[PDB]
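Enquirer: Pasting in a structure now, in structure tokens, and then I'll have a few things to ask.
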Amino acid sequence: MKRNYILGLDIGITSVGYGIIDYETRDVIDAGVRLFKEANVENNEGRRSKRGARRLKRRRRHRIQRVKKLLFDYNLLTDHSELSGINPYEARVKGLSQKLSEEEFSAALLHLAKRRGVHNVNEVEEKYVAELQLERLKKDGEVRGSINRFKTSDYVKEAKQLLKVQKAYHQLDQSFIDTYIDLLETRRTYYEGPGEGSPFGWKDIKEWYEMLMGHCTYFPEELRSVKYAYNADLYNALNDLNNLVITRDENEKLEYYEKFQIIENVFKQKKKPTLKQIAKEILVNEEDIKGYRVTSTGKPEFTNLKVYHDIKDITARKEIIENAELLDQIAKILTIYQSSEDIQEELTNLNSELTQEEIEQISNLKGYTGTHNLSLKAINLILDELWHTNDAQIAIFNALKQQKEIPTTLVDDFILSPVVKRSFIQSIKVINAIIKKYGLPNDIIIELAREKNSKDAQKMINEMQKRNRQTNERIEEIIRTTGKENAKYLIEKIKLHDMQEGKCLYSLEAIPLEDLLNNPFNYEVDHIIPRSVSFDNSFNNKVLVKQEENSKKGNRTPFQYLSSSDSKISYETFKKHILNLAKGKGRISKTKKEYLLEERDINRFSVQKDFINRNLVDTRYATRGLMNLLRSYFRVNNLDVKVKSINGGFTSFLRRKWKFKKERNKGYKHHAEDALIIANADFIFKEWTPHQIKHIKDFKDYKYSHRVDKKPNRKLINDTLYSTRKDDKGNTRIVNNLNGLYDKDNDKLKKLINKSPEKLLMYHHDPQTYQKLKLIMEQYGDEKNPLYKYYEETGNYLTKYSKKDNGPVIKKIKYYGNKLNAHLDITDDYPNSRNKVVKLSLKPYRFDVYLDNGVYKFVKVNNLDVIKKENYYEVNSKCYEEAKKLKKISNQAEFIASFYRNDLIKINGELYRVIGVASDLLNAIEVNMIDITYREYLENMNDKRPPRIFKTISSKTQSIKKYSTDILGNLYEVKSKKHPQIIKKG
RNA sequence: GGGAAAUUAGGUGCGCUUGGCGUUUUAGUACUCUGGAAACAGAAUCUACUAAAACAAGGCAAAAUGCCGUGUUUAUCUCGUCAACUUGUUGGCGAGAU
DNA sequence: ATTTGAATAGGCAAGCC
DNA sequence: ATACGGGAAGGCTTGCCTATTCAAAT
DNA sequence: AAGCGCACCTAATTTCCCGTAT
Ligand SMILES: [Mg+2]
Ligand SMILES: [Mg+2]
Ligand SMILES: [Mg+2]
């Protein structure tokens, strides 16, 4: 309005605090907090992963259907053909010698196409798979599982033989055989991506690459150069030489002729120039030359012309090798195109003086990736200036060279880290809302978190890097000498191999380096702490293990896995080994050791409270980025606003200095009262007055603004499927399963038998096996798991009752669980299912309150109740009227409001924020407190209730009102429309 | 003190391509019961294996290496104006109130 | 004096490598 | 013509069911 | 789990550029 002020900001992961202070007096004007859900990478990773899975399953289904059509066409399959009782492993093994029936033949081909193995980068090009598979079926009693992993080439070898034999007896031609093998072996590449129509797709390779690659600095509407173009490497070569300073008679910097002869005789002759070779061309001692790039080890480093040497080595024709424009084109193609057969065509279309022999050698070159920072346009501009003048690139480009509110799109271009992007978008929206309400600030301040590096630390880091380089160089040498393909995945495995003394950490069995190199697929990089639980992809959370061991461990810690019946070794043995490995100098890091020896119960939710891990301190680039965005904005529009930043640590100092304890468990206000300190900081530092901090500390009128989510088509329901059963009383119940029966510390079954023997299905259905199990529980009652002792003492799993001791092992036990109420019924996907097939956890969209003859009532609208149309979502009318009927809501009932997640609700005069509908049936809604989480409210009190609030909406309820806050946290009793919303455009 | 480029060491993100499982139903075989000299028939749906099918609810498409569906942004209401399709409602923009 | 209904508290489970 | 205040000392997830305790009605 | 493209960030090393305040 008129009064001038300062704007403090405490930007956070979940919050943006703000503080506003009179520029003259330094009295608090206002202060508040804007709270939001942390933007976790898990969320989108989920969405992407599931999109991937959906395509894999779609493509399998479509491949099976393409095969069927081919069998219909060659009249091997009909609508009325019996494929039901035909064991395809028998039919595969039979058909490699004898005639199959049309049905057996169809069974076999369909079985192959369903499951057709891996095809991996590793390969460049005595029994069959079906022979080995039938052998295991007979010996081990089973086929499917982790050991069922074969190469597609192994499957194609079988199919070709099957079709060679069968071609005689069935009428099928080479067209059939060619078609079938294509279906079987074929798949899309990473650079093809989806089919036509995809929002995620692309037309061709160049479109694909153009979309991805970055833009030039000095010429924005131009894509960068590829890293290894001749002019790009020659550019980098000249900058090195221009930086050189020599102590000689004559000019200290190099002259044109000297640079020319150096490039021609050193950089074009020698693959890796050395200071000696440059020193000889000048005819001056090495020590005279100073000002060169240095390797971490200490060697002088000079730019290497990649393409020149690569092509020269193939063919040294001066027509080719002394033509920059061609050497830039070849480079581009080699970077952009991916497969050799694509490169060959693209070179042949280039219309050059290269021969087909030469082209075929060019197409098998490696290491062409990445981009230079400039475009060719920018390089070809300045190349003459670098040739002649000993000038810096910046100097040459320097020589030759609306809005009302801060727009939120401008962050998008440069910040890309999901968490931070969200905090910043909120922060700009918060600043805009203040500038509107209070006019322009004099100063804006932001909490920077700077981390200066100590000298001793730098030295250690340098020493560490020096040590790491040596290991990497050796690994590279091993790959160079073994003749094996240089790969970014091989280096990691080799590093882990050396770290682990060439042993699998889970089995302690040897991983021979030679075997690792020849059969890399037998060994997998495992996460110590599951990726699904943690967010750690660091080397410290990675181990090299056998494929089989990785499959068995699953989403368990080493402790959980090695304590199970599935492990080859005991946890105690493992622990001893790890501790022994830790005794060495640079064997295993402390963090890795801790992960390997993690004994806490670590699941996806339990770990949330635990494991602060690597926090988001990486906001230095961000803080710089933000203030550059803001300063730019004010500068352009001519607004006198002084944007600043202060160090993270500094705030804490003033708190200790002025005796103002950072209050955990007191509420969200801490974020705001941090902001007010930032705003005063300068004044506080000058008067090393109690009165001003009295204002900050005694201030009360804080404001909170929780963000409200109204997005349709979020997760609808939980994935898991459940069978049901009607019990003795005629109550439909979910069927559960007890797994891990033979584990040391598992008392689930022993508890269940003592409490509720009648809950087991085998109590009713296999009484003889039940009585047989009860004798075990009685025998080894004293332990946690009677079955563990049964396995330990006798060495035999519990088998179903049989007269001749030939019943199968028992591995899971089904028992009756909870009663079935709120569910989604998916039973029509299972034709002739006797019982009901269901999913659980109907996830809420909103709830709509109604006032009916003085009685408050509400409807839950499920996400399932909302359906995408052309460009809008629609709440389903039939589902909605049905829902009102179960709630007995009259046609003469007044609609009050709709409550989304975090919407504000005043129930009997008490304000809360909405979480959801605890129970539709009982009419309960879960809420939370506004200024503090209810959990923390109870902790500060030292109360031991459950930390959840539930509110019943009933004839007892007296008033329900909806409230709303602006972004700043100004609170308003809000009005509603006459009817609920049905359409949602976005 | 800010910014830039090169090399090295180490991370993060977005997008794509595959494998093997897991959950559930139906069928077959084994397991248990009954009848039968035997082949086998009926019951039971427990415990195990193999096959086929489904896997966020669903929506397009039409023989195709077919395509989409769990992310992002997102106080509320009224009035003017433009747009959309559902034709009386909701999006964008501007103004006002809570 | 005993039985039934409503409110509050205890608690399990959630797709993967 | 040259240095830019520094050494100092923070998480909640929720949908929903079952079991236990108290007050009102038969 | 296998494996590919592009982008961005941190740290270390060498060189270059620029503005404001003491
Ligand atoms: Mg802070
Ligand atoms: Mg694993
Ligand atoms: Mg904070």
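Enquirer: A:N540 - would you say it is farther than 17 Å from A:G502 by Cβ, within 30 Å of the chain's Cα centre (by Cα) and within 16 Å of RNA strand B (Cβ to nearest atom)?
Expert: The answer is yes for A:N540.
Enquirer: Inspect all residues belonging to the range A:441-448 and state whether any of them is loosely packed, with under 15 Cβ neighbours inside 10 Å, within 30 Å of A:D566 (Cβ to Cβ) and in contact with a strand residue (DSSP E or B) (Cβ under 8 Å, 6 or more places away or on another chain).
Expert: Taking every residue of the range A:441-448 in turn, none turns out to be loosely packed, with under 15 Cβ neighbours inside 10 Å, within 30 Å of A:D566 (Cβ to Cβ) and in contact with a strand residue (DSSP E or B) (Cβ under 8 Å, 6 or more places away or on another chain).
Enquirer: Moving on. In the range A:386-439, which residues are basic (K, R) and either under 17 Å from A:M627 (Cα atoms) or within 16 Å of ligand 2 (Cβ to nearest atom) (or both)?
Expert: A:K421, A:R422, A:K429
Enquirer: With respect to the numbered conditions (1) outside any helix (DSSP H, G or I); (2) more than 16 Å from ligand 2 (Cβ to nearest atom), which one is the sole condition not fulfilled by A:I475?
Expert: With respect to (1) outside any helix (DSSP H, G or I); (2) more than 16 Å from ligand 2 (Cβ to nearest atom), A:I475 is out only on (1).
Enquirer: Looking only at the range A:958-978, which residues are buried (at least 17 other Cβ atoms within 10 Å of the Cβ), under 17 Å from A:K436 (Cα atoms) and out of contact with any helix residue (DSSP H, G or I) (no Cβ under 7 Å at 6 or more places or on another chain)?
Expert: A:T965, A:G969
Enquirer: Now for a different question. Across the range A:875-898, what is the number of residues that are assigned to a strand (DSSP E or B) and exposed (fewer than 15 other Cβ atoms within 10 Å of the Cβ)?
Expert: Residues in the range A:875-898 being assigned to a strand (DSSP E or B) and exposed (fewer than 15 other Cβ atoms within 10 Å of the Cβ): 1 in total.
Enquirer: Can you pull out every residue in the range A:30-44 that is outside any strand (DSSP E or B), over 30 Å from A:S198 (Cβ atoms) and of a type outside the set (D, E, K, R)?
Expert: The answer is A:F36, and nothing else.
Enquirer: For the range A:84-107, enumerate the residues that are under 20 Å from A:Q171 (Cβ atoms) and either within 43 Å of the chain's Cα centre (by Cα) or in a helix (DSSP H, G or I) (or both).
Expert: A:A91, A:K94, A:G95, A:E102, A:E103, A:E104, A:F105, A:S106, A:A107
Enquirer: Then there's this: Within the range A:923-934, can one find any residue that is more than 16 Å from DNA strand C (Cβ to nearest atom) and in contact with an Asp or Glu (Cβ under 6 Å, 6 or more places away or on another chain)?
Expert: Checked the range A:923-934: no residue is more than 16 Å from DNA strand C (Cβ to nearest atom) and in contact with an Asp or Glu (Cβ under 6 Å, 6 or more places away or on another chain).
Enquirer: State whether the residues of the range A:508-523 include one that is among the hydrophobic types (A, V, I, L, M, F, W, C) and within 28 Å of the chain's Cα centre (by Cα).
Expert: Yes, there is a match, as at least one residue in the range A:508-523 is among the hydrophobic types (A, V, I, L, M, F, W, C) and within 28 Å of the chain's Cα centre (by Cα).
Enquirer: Same structure, new question: Within the group A:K729, A:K711, A:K662, which residue is surrounded by fewer than 13 Cβ atoms within 10 Å (Cβ to Cβ), within 33 Å of the chain's Cα centre (by Cα) and not hydrophobic (A, V, I, L, M, F, W, C)?
Expert: Being surrounded by fewer than 13 Cβ atoms within 10 Å (Cβ to Cβ), within 33 Å of the chain's Cα centre (by Cα) and not hydrophobic (A, V, I, L, M, F, W, C) holds for just one of A:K729, A:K711, A:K662, which is A:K711.
Enquirer: Of the numbered conditions (1) within 29 Å of A:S534 (Cβ to Cβ); (2) surrounded by 11 or more Cβ atoms within 10 Å (Cβ to Cβ), A:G52 fails exactly one; give the number of that condition.
Expert: Unmet for A:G52, out of (1) within 29 Å of A:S534 (Cβ to Cβ); (2) surrounded by 11 or more Cβ atoms within 10 Å (Cβ to Cβ): (2).
Enquirer: I'm trying to understand the selection: among the residues of the range A:232-249, which are within 13 Å of A:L275 (Cα to Cα) and either near RNA strand B (Cβ under 8 Å from one of its atoms) or in a helix (DSSP H, G or I) (or both)?
Expert: Of everything in the range A:232-249, those that are within 13 Å of A:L275 (Cα to Cα) and either near RNA strand B (Cβ under 8 Å from one of its atoms) or in a helix (DSSP H, G or I) (or both) turn out to be A:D240, A:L241.
Enquirer: Would you point out which residue out of A:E385, A:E353 is acidic (D, E) and away from DNA strand E (no atom under 16 Å from the Cβ)?
Expert: Testing whether each residue is acidic (D, E) and away from DNA strand E (no atom under 16 Å from the Cβ) leaves just A:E353.
Enquirer: Tell me, yes or no, whether the range A:21-29 has at least one residue that is assigned to a strand (DSSP E or B), β-branched (V, I, T) and within 16 Å of ligand 3 (Cβ to nearest atom).
Expert: No, the range A:21-29 contains no residue that is assigned to a strand (DSSP E or B), β-branched (V, I, T) and within 16 Å of ligand 3 (Cβ to nearest atom).
Enquirer: Now, a different point. Using the structure shown, decide if A:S564 is touching a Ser or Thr at 6+ places or on another chain (Cβ under 6 Å), closer than 27 Å to A:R144 by Cβ and either in a loop (DSSP other than H, G, I, E, B) or of a type in the set (S, T, N, Q) (or both).
Expert: So A:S564 does not fit the description; no.
Enquirer: Next question. Looking only at the range A:524-539, count every residue that is within 13 Å of DNA strand C (Cβ to nearest atom) and not in a loop (DSSP other than H, G, I, E, B) and tell me the total.
Expert: Qualifying residue count for the region: 4.
Enquirer: A further question on this structure: For the range A:346-361, does any single residue satisfy the condition of being buried (at least 18 other Cβ atoms within 10 Å of the Cβ) and either polar (S, T, N, Q) or touching a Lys or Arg at 6+ places or on another chain (Cβ under 7 Å) (or both)?
Expert: No, that holds for no residue.
Enquirer: Another one. Please count how many residues of the range A:750-786 are of a type in the set (A, V, I, L, M) and more than 16 Å from DNA strand D (Cβ to nearest atom).
Expert: 6
Enquirer: Part of a strand (DSSP E or B), more than 39 Å from the chain's Cα centre (by Cα) and either more than 18 Å from A:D848 (Cβ to Cβ) or away from ligand 2 (no atom under 16 Å from the Cβ) (or both): is that true of A:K961 in this structure?
Expert: yes
Enquirer: In the range A:408-422, is there at least one residue being under 24 Å from A:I678 (Cα atoms), assigned to a helix (DSSP H, G or I), touching a helix residue (DSSP H, G or I) at 6+ places or on another chain (Cβ under 9 Å) and not aliphatic (A, V, I, L, M)?
Expert: Yes, the conditions are met somewhere in the range A:408-422.
Enquirer: Does the range A:45-58 contain at least one residue that is within 16 Å of ligand 3 (Cβ to nearest atom), closer than 26 Å to A:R707 by Cβ and not in a loop (DSSP other than H, G, I, E, B)?
Expert: No, the range A:45-58 has no match at all.
Enquirer: Residues that are aromatic (F, W, Y), away from ligand 3 (no atom under 16 Å from the Cβ) and surrounded by fewer than 19 Cβ atoms within 10 Å (Cβ to Cβ): does the range A:692-703 have at least one?
Expert: yes
Enquirer: Tell me, which residue of the range A:748-773 that is loosely packed, with under 14 Cβ neighbours inside 10 Å and charged (D, E, K, R) is nearest to A:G817 (Cα to Cα)?
Expert: Here the answer is A:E758.
Enquirer: What do you reckon, is A:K452 of a type in the set (D, E, K, R) and either away from RNA strand B (no atom under 13 Å from the Cβ) or in a helix (DSSP H, G or I) (or both)?
Expert: For A:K452, the condition - of a type in the set (D, E, K, R) and either away from RNA strand B (no atom under 13 Å from the Cβ) or in a helix (DSSP H, G or I) (or both) - is not met.
Residue by residue, here is whether (1) within 26 Å of A:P712 (Cα to Cα); (2) among the aromatic types (F, W, Y); (3) within 16 Å of ligand 3 (Cβ to nearest atom) holds:
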site: A:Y937; (1), (2), (3): no, yes, no
site: A:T957; (1), (2), (3): no, no, no
site: A:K961; (1), (2), (3): yes, no, no
site: A:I967; (1), (2), (3): yes, no, no
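Cβ sites come from the backbone with ideal geometry, for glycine too, and all protein chains shown count toward neighbours. Every number here is computed from the coordinates shown, using simple stated rules; none is lab data.
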